[PDB]
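Q: I am attaching a structure below and will ask some questions about it afterwards.
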Amino acid sequence: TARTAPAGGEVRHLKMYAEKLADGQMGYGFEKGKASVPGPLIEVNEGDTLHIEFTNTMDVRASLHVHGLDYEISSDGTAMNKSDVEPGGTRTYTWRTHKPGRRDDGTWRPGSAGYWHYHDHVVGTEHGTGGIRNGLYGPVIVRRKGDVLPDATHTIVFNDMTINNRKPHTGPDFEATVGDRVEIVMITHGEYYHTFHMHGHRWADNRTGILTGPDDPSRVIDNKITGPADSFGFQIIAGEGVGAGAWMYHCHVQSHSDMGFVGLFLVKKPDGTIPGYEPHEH
Amino acid sequence: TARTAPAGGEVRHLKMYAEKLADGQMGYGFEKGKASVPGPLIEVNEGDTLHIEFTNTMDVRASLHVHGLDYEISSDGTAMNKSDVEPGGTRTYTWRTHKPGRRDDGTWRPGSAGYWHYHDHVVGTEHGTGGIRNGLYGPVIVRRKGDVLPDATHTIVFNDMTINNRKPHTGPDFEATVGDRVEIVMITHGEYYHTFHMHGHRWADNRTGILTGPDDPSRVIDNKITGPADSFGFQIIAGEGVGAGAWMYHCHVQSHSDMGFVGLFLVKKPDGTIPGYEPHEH
Amino acid sequence: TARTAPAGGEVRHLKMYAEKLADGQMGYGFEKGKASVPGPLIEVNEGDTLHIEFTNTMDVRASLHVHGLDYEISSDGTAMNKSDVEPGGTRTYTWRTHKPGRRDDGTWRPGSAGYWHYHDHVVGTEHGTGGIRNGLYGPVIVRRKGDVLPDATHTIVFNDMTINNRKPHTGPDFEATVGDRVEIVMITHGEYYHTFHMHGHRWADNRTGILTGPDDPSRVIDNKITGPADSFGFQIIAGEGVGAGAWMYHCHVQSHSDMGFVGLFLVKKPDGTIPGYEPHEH
Ligand SMILES: [Cu+2]
Ligand SMILES: [Cu+2]
Ligand SMILES: [Cu+2]
Ligand SMILES: [Cu+2]
Ligand SMILES: [Cu+2]
Ligand SMILES: [Cu+2]
Ligand SMILES: [Cu+2]
Ligand SMILES: [Cu+2]
Ligand SMILES: [Cu+2]
Ligand SMILES: [Cu+2]
Ligand SMILES: [Cu+2]
Ligand SMILES: [Cu+2]
């Protein structure tokens with residue numbers, strides 16, 4: 001039987017930094033000197049509270065703003081609400097999450113669970129256009145009790161024309177073995193719409209990307225249109241019914257894929273081999 | 001317990017006008033001299049019939065065309081089907097709605113319920129491009145029996161680059177008190193795609209925007225891509241789990257928000273105060 | 001009672017050709033000299049295996065690549081995986097499908113059923129941009145056991161600015177009689193986003209486009225945003241609740257419809273008449 005998320009409700013503390021990278025980009029990290037683009041994954045259970053002690057190490061104002069989760073206005077990360085951070089300064093942002101449940105009026109309160117993201121809101125413009133462009137974004141996962149847990153989670157961000165702020169024809173590639181349970185967090189940012197496509201695999205267009213049983217009528221898809229600040233996620237069994245292989249993923253807007261914004265889901269046999277893929281050639 | 005829609009099935013009569021506004025725009029109204037952009041909300045119960053006596057007060061042909069509802073071809077509001085209205089003229093359009101139910105072949109007929117809209121179809125071009133651009137659009141809500149009813153309904157239209165045909169940096173803003181049940185009808189028009197985003201609140205991506213219970217697998221979101229003539233709607237509890245505040249909503253396409261196509265969901269305490277928002281400054 | 005799909009699980013064999021058409025386009029067909037744009041419909045039941053003996057009759061490399069269905073890497077139809085076909089050559093592609101079911105870990109494997117499509121992947125560029133532009137695309141339907149079957153299926157492809165590679169103002173038009181069960185496969189290709197809209201009819205935004213009963217919360221819509229390589233499908237009862245008529249369908253992006261990328265769903269009475277439509281005028 002698969003591993004499932006437990007009941008949430010813990011108070012968690014975390015340290016985060018925004019830093020200026022040597023190449024001109026901007027990144028978040030849990031440790032000074034280890035910023036990354038995309039920023040590190042934040043994963044919690046519904047009911048958890050997260051206190052993020054955030055330090056802006058840059059020479060310009062920056063902030064941390066989150067989609068989906070609960071936060072008071074003092075943590076929305078905007079200049080308007082006095083919620084951003086001065087150069088060199090520190091601020092504690094508080095994000096909360098809640099379980100679903102019956103309200104007193106008989107209606108159903110939705111829970112926080114889902115695939116979300118955080119990003120800057122004050123670098124370059126008052127909507128963080130420069131910070132987002134430079135790499136100040138990252139994924140957030142909120143698990144409902146009983147959600148299936150993966151072997152591994154990969155984050156794919158279509159940021160303007162780039163994937164994860166990388167140059168054309170440099171992936172990123174991800175690797176799995178046939179049978180691995182692989183999770184994908186898909187995020188889009190910037191100016192353009194895109195269509196995310198994966199070869200050889202498919203998922204359900206609902207909250208978790210998977211179907212619990214025969215009664216769920218959601219569309220099963222391998223192609224999905226997205227726009228700036230859209231986020232969704234899903235799980236696949238690597239190679240299920242299709243075998244090992246170098247399975248492309250890409251934006252399917254034809255000029256975008258033609259520019260080289262493509263990557264590989266390298267699904268291996270146990271011996272590491274991939275049919276039709278020769279390592280000493282890529 | 002919350003208020004819910006009753007069983008429908010009434011014949012309703014209504015008067016509507018299309019008018020040329022002093023500033024060059026075009027608007028619908030229920031009373032001559034009270035046209036608005038967006039046009040007034042039309043709200044009915046599944047099963048209702050609506051007879052709209054429509055007068056074109058303009059000096060060009062205009063029409064009324066509706067999404068989603070039942071209408072015979074004599075009420076589709078197009079030039080091709082002889083269904084538009086000459087300058088100064090009057091025409092009675094008939095819109096019908098139906099409840100869902102079992103067909104004789106055992107399949108399930110969907111009902112009319114949902115978030116829809118009406119707009120012009122002959123001003124400027126034979127697809128109403130000029131009429132839509134000038135402001136001839138408005139919302140329609142069809143309620144299913146038992147649908148939860150809100151305290152108030154607001155209409156947000158992304159029309160080309162504008163929100164509700166307003167200049168940049170002029171909202172519109174909407175107001176609520178913490179705990180109000182607020183309904184949003186979201187409509188998009190024109191040439192461009194957008195992504196609607198609200199700070200501090202979220203909803204379900206299904207027919208009503210809310211979940212009835214734990215079995216609904218729909219994605220819970222705060223960001224949604226839309227295109228011309230898309231319509232959706234939802235309800236939120238103002239400030240639920242997040243408190244009072246000036247909560248932004250905006251298109252999240254970065255250049256669109258940078259141009260100032262943003263507004264505020266001003267959620268107040270009972271005393272009218274909003275933390276971090278000073279009235280004598282906006 | 002309506003006709004429903006039976007249990008699948010047959011091995012099917014098929015012959016397909018890619019050909020260069022006299023007007024400069026490129027098309028797939030089941031018979032040499034009978035290529036079409038869109039290519040012919042491939043329709044199977046979940047569990048079926050399809051062996052397609054594909055001959056490239058053109059003077060450039062071409063391939064066959066499919067969305068959604070199961071295929072080993074030797075049938076993905078790409079140059080990278082040595083899976084395309086040389087001029088004049090032949091290759092057998094194998095597509096498989098599977099039923100949904102319970103995995104050993106207790107989770108639910110989704111089935112192949114849905115609305116999918118096939119297209120070229122090596123003409124013009126290594127993502128088939130030229131082949132797709134020239135007309136190398138077609139629809140695939142995979143039926144689940146018990147899926148409702150239509151009287152007829154029509155394929156509408158928004159390919160760049162064209163519908164089905166046709167010039168503006170040339171449809172295509174489709175015909176039905178009031179009460180026919182009509183299926184639409186909607187596919188989008190190329191560079192642009194679109195919004196598909198039909199007058200006088202609506203469908204459910206889920207896997208099959210129809211609701212099985214009162215518990216399905218999916219949005220009922222008549223307008224839907226799409227991007228390159230998106231596919232969805234649905235069924236309608238022609239004229240249900242609205243009667244005979246020339247019911248437009250079009251992209252609702254205003255400049256796209258203004259250019260003439262529109263068609264007619266001609267719903268007739270038994271005597272062939274259509275109110276407000278005069279044949280000797282179109
Ligand atoms: Cu914002
Ligand atoms: Cu793209
Ligand atoms: Cu593909
Ligand atoms: Cu955002
Ligand atoms: Cu129309
Ligand atoms: Cu926008
Ligand atoms: Cu936000
Ligand atoms: Cu319309
Ligand atoms: Cu591909
Ligand atoms: Cu279009
Ligand atoms: Cu319409
Ligand atoms: Cu494709």
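Note on naming: chains are A, B, ... as they come in the structure tokens, residues start from 1 per chain, ligands start from 1 in the order shown.
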Both chains have the same sequence, so match all Cα atoms in order, fit chain A onto chain C by least squares, and return it as an mmCIF file with C-alpha atoms, in the first residue's frame.
A:
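Listing of superposed15.cif after writing:
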data_model
loop_
_atom_site.group_PDB
_atom_site.id
_atom_site.type_symbol
_atom_site.label_atom_id
_atom_site.label_comp_id
_atom_site.auth_asym_id
_atom_site.auth_seq_id
_atom_site.Cartn_x
_atom_site.Cartn_y
_atom_site.Cartn_z
ATOM 1 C CA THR A 1 -32.140 3.546 -24.600
ATOM 2 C CA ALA A 2 -28.969 4.976 -26.096
ATOM 3 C CA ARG A 3 -26.253 2.891 -27.720
ATOM 4 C CA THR A 4 -23.187 2.394 -25.496
ATOM 5 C CA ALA A 5 -19.631 1.237 -26.166
ATOM 6 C CA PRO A 6 -18.886 -2.451 -25.451
ATOM 7 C CA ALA A 7 -15.940 -3.921 -23.538
ATOM 8 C CA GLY A 8 -12.701 -3.493 -25.483
ATOM 9 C CA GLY A 9 -9.676 -5.704 -25.991
ATOM 10 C CA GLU A 10 -9.266 -6.433 -29.696
ATOM 11 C CA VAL A 11 -6.127 -6.292 -31.829
ATOM 12 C CA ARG A 12 -6.804 -4.044 -34.837
ATOM 13 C CA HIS A 13 -4.680 -3.532 -37.944
ATOM 14 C CA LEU A 14 -4.761 -0.431 -40.099
ATOM 15 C CA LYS A 15 -2.915 1.101 -43.048
ATOM 16 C CA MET A 16 -2.110 4.842 -43.126
ATOM 17 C CA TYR A 17 -0.360 7.117 -45.614
ATOM 18 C CA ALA A 18 1.123 10.595 -45.508
ATOM 19 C CA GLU A 19 0.820 12.361 -48.882
ATOM 20 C CA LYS A 20 1.652 15.731 -50.502
ATOM 21 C CA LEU A 21 -1.609 17.233 -51.871
ATOM 22 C CA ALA A 22 -1.809 19.127 -55.145
ATOM 23 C CA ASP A 23 -2.356 22.495 -53.408
ATOM 24 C CA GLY A 24 0.828 22.256 -51.280
ATOM 25 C CA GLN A 25 -0.741 20.809 -48.143
ATOM 26 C CA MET A 26 0.049 17.462 -46.487
ATOM 27 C CA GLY A 27 -2.525 14.902 -45.360
ATOM 28 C CA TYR A 28 -2.997 11.504 -43.750
ATOM 29 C CA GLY A 29 -5.329 8.878 -45.156
ATOM 30 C CA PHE A 30 -6.341 5.223 -44.867
ATOM 31 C CA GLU A 31 -6.029 4.868 -48.656
ATOM 32 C CA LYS A 32 -3.464 6.266 -51.039
ATOM 33 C CA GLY A 33 -5.117 9.098 -52.952
ATOM 34 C CA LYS A 34 -7.712 9.720 -50.217
ATOM 35 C CA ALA A 35 -5.725 11.764 -47.701
ATOM 36 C CA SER A 36 -7.746 14.420 -45.881
ATOM 37 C CA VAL A 37 -7.224 17.434 -43.613
ATOM 38 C CA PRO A 38 -8.047 16.722 -40.840
ATOM 39 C CA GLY A 39 -6.863 13.131 -41.173
ATOM 40 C CA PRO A 40 -9.385 10.320 -40.738
ATOM 41 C CA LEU A 41 -10.924 9.568 -37.340
ATOM 42 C CA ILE A 42 -9.389 6.673 -35.409
ATOM 43 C CA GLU A 43 -11.917 5.289 -32.895
ATOM 44 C CA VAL A 44 -11.248 2.343 -30.533
ATOM 45 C CA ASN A 45 -12.433 0.842 -27.229
ATOM 46 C CA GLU A 46 -10.305 0.880 -24.048
ATOM 47 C CA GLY A 47 -8.160 -2.258 -24.135
ATOM 48 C CA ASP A 48 -7.800 -2.346 -27.929
ATOM 49 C CA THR A 49 -4.376 -2.540 -29.527
ATOM 50 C CA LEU A 50 -3.847 -0.785 -32.862
ATOM 51 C CA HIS A 51 -1.029 -1.711 -35.293
ATOM 52 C CA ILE A 52 -0.720 1.031 -37.933
ATOM 53 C CA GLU A 53 1.338 0.158 -41.000
ATOM 54 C CA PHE A 54 2.339 3.704 -41.985
ATOM 55 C CA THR A 55 3.842 4.575 -45.392
ATOM 56 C CA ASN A 56 5.472 7.959 -46.009
ATOM 57 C CA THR A 57 4.790 8.701 -49.686
ATOM 58 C CA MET A 58 6.395 12.173 -49.449
ATOM 59 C CA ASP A 59 9.899 13.324 -50.421
ATOM 60 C CA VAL A 60 10.706 14.420 -46.832
ATOM 61 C CA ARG A 61 10.826 12.543 -43.537
ATOM 62 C CA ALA A 62 7.500 12.339 -41.724
ATOM 63 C CA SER A 63 6.141 10.546 -38.687
ATOM 64 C CA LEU A 64 3.020 9.689 -36.744
ATOM 65 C CA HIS A 65 2.838 10.769 -33.097
ATOM 66 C CA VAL A 66 -0.175 10.288 -30.815
ATOM 67 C CA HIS A 67 -1.405 11.936 -27.612
ATOM 68 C CA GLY A 68 -2.831 10.028 -24.671
ATOM 69 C CA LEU A 69 -2.547 6.439 -25.883
ATOM 70 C CA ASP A 70 0.071 3.951 -24.678
ATOM 71 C CA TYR A 71 3.090 3.442 -26.936
ATOM 72 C CA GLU A 72 6.641 2.252 -26.417
ATOM 73 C CA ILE A 73 9.468 4.670 -27.187
ATOM 74 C CA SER A 74 9.991 2.937 -30.543
ATOM 75 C CA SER A 75 6.600 4.386 -31.583
ATOM 76 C CA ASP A 76 6.817 7.969 -30.351
ATOM 77 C CA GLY A 77 7.366 9.299 -33.882
ATOM 78 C CA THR A 78 10.371 11.540 -33.171
ATOM 79 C CA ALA A 79 13.756 11.926 -34.826
ATOM 80 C CA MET A 80 15.523 11.733 -31.450
ATOM 81 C CA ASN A 81 14.243 8.182 -30.793
ATOM 82 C CA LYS A 82 14.813 6.994 -34.397
ATOM 83 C CA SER A 83 11.056 6.695 -34.770
ATOM 84 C CA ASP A 84 10.240 8.724 -37.903
ATOM 85 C CA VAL A 85 10.006 7.387 -41.473
ATOM 86 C CA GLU A 86 12.271 8.116 -44.460
ATOM 87 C CA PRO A 87 10.825 9.244 -47.824
ATOM 88 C CA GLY A 88 9.020 6.333 -49.480
ATOM 89 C CA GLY A 89 9.500 4.139 -46.385
ATOM 90 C CA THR A 90 7.171 2.101 -44.164
ATOM 91 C CA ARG A 91 7.019 1.606 -40.409
ATOM 92 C CA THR A 92 4.563 -0.176 -38.126
ATOM 93 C CA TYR A 93 3.552 2.011 -35.173
ATOM 94 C CA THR A 94 1.836 0.287 -32.247
ATOM 95 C CA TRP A 95 -0.623 2.142 -30.004
ATOM 96 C CA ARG A 96 -2.098 0.422 -26.965
ATOM 97 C CA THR A 97 -4.942 1.355 -24.625
ATOM 98 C CA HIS A 98 -5.900 0.131 -21.160
ATOM 99 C CA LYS A 99 -8.970 0.039 -18.922
ATOM 100 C CA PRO A 100 -8.902 1.749 -15.508
ATOM 101 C CA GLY A 101 -8.420 -0.407 -12.441
ATOM 102 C CA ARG A 102 -7.079 -0.834 -8.931
ATOM 103 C CA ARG A 103 -3.285 -1.036 -8.612
ATOM 104 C CA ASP A 104 -1.620 -3.365 -6.098
ATOM 105 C CA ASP A 105 -0.797 -0.344 -3.920
ATOM 106 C CA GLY A 106 -4.514 0.463 -3.610
ATOM 107 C CA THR A 107 -4.463 3.488 -5.943
ATOM 108 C CA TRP A 108 -6.553 3.833 -9.102
ATOM 109 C CA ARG A 109 -4.932 3.651 -12.528
ATOM 110 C CA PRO A 110 -6.723 5.968 -14.980
ATOM 111 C CA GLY A 111 -7.853 4.482 -18.272
ATOM 112 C CA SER A 112 -6.988 5.655 -21.806
ATOM 113 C CA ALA A 113 -10.517 6.837 -22.612
ATOM 114 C CA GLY A 114 -10.924 10.352 -23.936
ATOM 115 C CA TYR A 115 -10.615 12.692 -26.897
ATOM 116 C CA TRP A 116 -7.074 12.662 -28.305
ATOM 117 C CA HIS A 117 -5.265 13.316 -31.573
ATOM 118 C CA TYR A 118 -2.318 12.318 -33.738
ATOM 119 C CA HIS A 119 0.007 14.489 -35.783
ATOM 120 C CA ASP A 120 3.400 14.705 -37.447
ATOM 121 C CA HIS A 121 6.545 15.355 -35.431
ATOM 122 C CA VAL A 122 9.429 15.839 -37.938
ATOM 123 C CA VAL A 123 8.219 17.846 -40.975
ATOM 124 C CA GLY A 124 9.729 21.346 -41.093
ATOM 125 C CA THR A 125 11.126 21.188 -37.567
ATOM 126 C CA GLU A 126 11.825 18.470 -35.017
ATOM 127 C CA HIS A 127 8.479 19.321 -33.406
ATOM 128 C CA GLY A 128 6.551 18.900 -36.673
ATOM 129 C CA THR A 129 5.728 22.611 -37.006
ATOM 130 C CA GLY A 130 5.656 22.443 -40.801
ATOM 131 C CA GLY A 131 3.804 19.136 -40.943
ATOM 132 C CA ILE A 132 1.153 20.342 -38.504
ATOM 133 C CA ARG A 133 0.839 23.640 -40.386
ATOM 134 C CA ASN A 134 0.409 21.768 -43.688
ATOM 135 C CA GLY A 135 -2.349 19.510 -42.350
ATOM 136 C CA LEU A 136 -0.760 16.400 -40.797
ATOM 137 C CA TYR A 137 -3.145 16.060 -37.844
ATOM 138 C CA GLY A 138 -6.233 14.032 -37.048
ATOM 139 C CA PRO A 139 -8.510 12.888 -34.205
ATOM 140 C CA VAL A 140 -8.470 9.807 -31.977
ATOM 141 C CA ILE A 141 -11.376 8.719 -29.773
ATOM 142 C CA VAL A 142 -10.964 6.066 -27.057
ATOM 143 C CA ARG A 143 -14.277 4.834 -25.608
ATOM 144 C CA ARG A 144 -14.807 3.471 -22.114
ATOM 145 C CA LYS A 145 -17.233 0.579 -21.773
ATOM 146 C CA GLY A 146 -20.686 2.118 -21.370
ATOM 147 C CA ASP A 147 -19.817 5.506 -22.949
ATOM 148 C CA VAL A 148 -22.817 6.870 -24.898
ATOM 149 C CA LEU A 149 -22.352 6.611 -28.694
ATOM 150 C CA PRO A 150 -23.389 9.393 -31.112
ATOM 151 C CA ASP A 151 -25.250 9.434 -34.401
ATOM 152 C CA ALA A 152 -22.269 11.229 -35.975
ATOM 153 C CA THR A 153 -18.880 12.715 -35.118
ATOM 154 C CA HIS A 154 -17.447 15.965 -36.463
ATOM 155 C CA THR A 155 -13.872 17.197 -36.052
ATOM 156 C CA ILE A 156 -13.152 20.907 -35.585
ATOM 157 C CA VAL A 157 -9.472 21.924 -35.536
ATOM 158 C CA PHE A 158 -8.300 25.476 -34.857
ATOM 159 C CA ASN A 159 -4.930 25.306 -36.670
ATOM 160 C CA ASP A 160 -3.144 28.651 -36.373
ATOM 161 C CA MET A 161 -5.732 31.031 -37.776
ATOM 162 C CA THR A 162 -7.623 28.445 -39.896
ATOM 163 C CA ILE A 163 -10.423 26.017 -39.124
ATOM 164 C CA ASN A 164 -9.334 22.661 -40.553
ATOM 165 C CA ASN A 165 -6.832 24.472 -42.843
ATOM 166 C CA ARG A 166 -9.627 26.204 -44.767
ATOM 167 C CA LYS A 167 -9.639 29.769 -46.040
ATOM 168 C CA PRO A 168 -11.729 32.346 -44.146
ATOM 169 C CA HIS A 169 -15.485 32.354 -44.728
ATOM 170 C CA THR A 170 -15.588 28.771 -46.057
ATOM 171 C CA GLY A 171 -16.809 27.000 -42.925
ATOM 172 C CA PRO A 172 -16.738 24.108 -42.548
ATOM 173 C CA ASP A 173 -20.472 23.760 -42.012
ATOM 174 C CA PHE A 174 -21.998 20.594 -40.527
ATOM 175 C CA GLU A 175 -25.637 19.423 -40.732
ATOM 176 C CA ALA A 176 -28.020 17.590 -38.400
ATOM 177 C CA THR A 177 -31.724 17.070 -37.848
ATOM 178 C CA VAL A 178 -33.413 18.309 -34.652
ATOM 179 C CA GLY A 179 -32.891 15.556 -32.071
ATOM 180 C CA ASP A 180 -29.716 13.989 -33.536
ATOM 181 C CA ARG A 181 -26.994 13.080 -31.027
ATOM 182 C CA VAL A 182 -23.970 14.941 -32.426
ATOM 183 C CA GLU A 183 -20.394 14.493 -31.213
ATOM 184 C CA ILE A 184 -17.703 17.161 -31.580
ATOM 185 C CA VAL A 185 -13.971 16.478 -31.285
ATOM 186 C CA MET A 186 -12.233 19.852 -30.683
ATOM 187 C CA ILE A 187 -8.478 20.126 -31.353
ATOM 188 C CA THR A 188 -6.150 23.144 -31.432
ATOM 189 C CA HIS A 189 -2.727 23.423 -33.068
ATOM 190 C CA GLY A 190 0.015 25.882 -33.852
ATOM 191 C CA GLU A 191 0.961 29.197 -32.275
ATOM 192 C CA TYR A 192 -2.168 30.856 -30.841
ATOM 193 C CA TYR A 193 -4.731 30.419 -28.092
ATOM 194 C CA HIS A 194 -8.428 30.428 -29.039
ATOM 195 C CA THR A 195 -11.887 30.241 -27.447
ATOM 196 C CA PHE A 196 -14.297 27.760 -29.036
ATOM 197 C CA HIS A 197 -17.939 28.883 -28.860
ATOM 198 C CA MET A 198 -21.227 27.395 -30.146
ATOM 199 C CA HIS A 199 -24.535 29.250 -30.387
ATOM 200 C CA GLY A 200 -27.639 27.615 -28.962
ATOM 201 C CA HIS A 201 -25.925 24.602 -27.351
ATOM 202 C CA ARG A 202 -23.831 23.749 -24.296
ATOM 203 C CA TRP A 203 -21.879 20.854 -22.770
ATOM 204 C CA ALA A 204 -20.082 19.736 -19.590
ATOM 205 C CA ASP A 205 -16.396 20.515 -19.042
ATOM 206 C CA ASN A 206 -15.309 16.968 -18.106
ATOM 207 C CA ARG A 207 -13.973 13.825 -19.836
ATOM 208 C CA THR A 208 -16.984 12.980 -22.055
ATOM 209 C CA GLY A 209 -18.598 16.425 -22.274
ATOM 210 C CA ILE A 210 -21.808 15.031 -20.729
ATOM 211 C CA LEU A 211 -23.079 14.563 -17.185
ATOM 212 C CA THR A 212 -24.074 11.086 -16.024
ATOM 213 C CA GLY A 213 -26.363 12.352 -13.282
ATOM 214 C CA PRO A 214 -27.124 14.962 -10.627
ATOM 215 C CA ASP A 215 -23.902 14.409 -8.651
ATOM 216 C CA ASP A 216 -21.421 15.686 -11.249
ATOM 217 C CA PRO A 217 -20.381 19.255 -10.290
ATOM 218 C CA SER A 218 -18.573 20.092 -13.572
ATOM 219 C CA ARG A 219 -19.180 23.507 -15.145
ATOM 220 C CA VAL A 220 -21.691 23.580 -17.996
ATOM 221 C CA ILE A 221 -20.289 25.881 -20.714
ATOM 222 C CA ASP A 222 -20.649 27.045 -24.305
ATOM 223 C CA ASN A 223 -17.254 28.802 -24.523
ATOM 224 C CA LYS A 224 -13.809 27.291 -23.854
ATOM 225 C CA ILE A 225 -10.197 28.579 -24.065
ATOM 226 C CA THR A 226 -7.765 26.239 -25.853
ATOM 227 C CA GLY A 227 -4.098 26.168 -26.778
ATOM 228 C CA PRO A 228 -1.826 24.276 -29.169
ATOM 229 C CA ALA A 229 -2.324 20.475 -28.866
ATOM 230 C CA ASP A 230 -5.326 20.779 -26.526
ATOM 231 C CA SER A 231 -8.080 18.284 -27.258
ATOM 232 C CA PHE A 232 -11.541 17.832 -25.788
ATOM 233 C CA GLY A 233 -14.843 16.433 -26.976
ATOM 234 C CA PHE A 234 -18.544 16.426 -26.195
ATOM 235 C CA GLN A 235 -22.033 15.464 -27.363
ATOM 236 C CA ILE A 236 -25.154 17.611 -27.805
ATOM 237 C CA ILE A 237 -28.721 16.876 -28.847
ATOM 238 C CA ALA A 238 -29.002 19.036 -31.979
ATOM 239 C CA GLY A 239 -31.549 21.796 -31.418
ATOM 240 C CA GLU A 240 -32.527 20.574 -27.946
ATOM 241 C CA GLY A 241 -34.752 23.192 -26.335
ATOM 242 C CA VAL A 242 -33.846 25.683 -29.080
ATOM 243 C CA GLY A 243 -35.250 24.281 -32.358
ATOM 244 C CA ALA A 244 -33.998 24.272 -35.921
ATOM 245 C CA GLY A 245 -31.656 27.000 -37.070
ATOM 246 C CA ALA A 246 -28.310 27.986 -38.560
ATOM 247 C CA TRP A 247 -26.356 27.954 -35.282
ATOM 248 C CA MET A 248 -22.959 29.593 -35.547
ATOM 249 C CA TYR A 249 -19.802 28.247 -34.047
ATOM 250 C CA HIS A 250 -16.618 30.278 -34.010
ATOM 251 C CA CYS A 251 -13.549 31.346 -32.159
ATOM 252 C CA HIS A 252 -14.690 34.170 -29.881
ATOM 253 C CA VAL A 253 -11.391 36.087 -29.948
ATOM 254 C CA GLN A 254 -12.897 39.097 -31.658
ATOM 255 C CA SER A 255 -10.306 39.597 -34.420
ATOM 256 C CA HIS A 256 -10.377 35.863 -35.234
ATOM 257 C CA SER A 257 -14.135 35.766 -35.777
ATOM 258 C CA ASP A 258 -13.968 39.125 -37.600
ATOM 259 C CA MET A 259 -11.530 37.532 -40.061
ATOM 260 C CA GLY A 260 -14.171 34.946 -41.000
ATOM 261 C CA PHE A 261 -13.039 31.853 -39.095
ATOM 262 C CA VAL A 262 -16.647 30.850 -38.396
ATOM 263 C CA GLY A 263 -18.880 27.959 -39.402
ATOM 264 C CA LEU A 264 -22.506 26.831 -39.196
ATOM 265 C CA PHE A 265 -24.163 23.960 -37.329
ATOM 266 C CA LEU A 266 -27.184 23.686 -39.660
ATOM 267 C CA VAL A 267 -29.939 22.026 -37.608
ATOM 268 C CA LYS A 268 -32.869 21.146 -39.892
ATOM 269 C CA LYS A 269 -36.456 20.106 -39.502
ATOM 270 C CA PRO A 270 -37.304 16.714 -41.088
ATOM 271 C CA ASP A 271 -38.334 18.589 -44.255
ATOM 272 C CA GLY A 272 -34.827 20.084 -44.441
ATOM 273 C CA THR A 273 -35.946 23.654 -43.727
ATOM 274 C CA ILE A 274 -34.036 25.947 -41.393
ATOM 275 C CA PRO A 275 -35.900 29.005 -40.012
ATOM 276 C CA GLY A 276 -34.285 32.256 -41.128
ATOM 277 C CA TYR A 277 -31.746 30.436 -43.346
ATOM 278 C CA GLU A 278 -32.315 30.588 -47.083
ATOM 279 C CA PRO A 279 -30.158 28.059 -48.965
ATOM 280 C CA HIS A 280 -30.120 29.941 -52.286
ATOM 281 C CA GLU A 281 -28.191 32.793 -50.624
ATOM 282 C CA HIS A 282 -25.155 31.073 -49.077
#
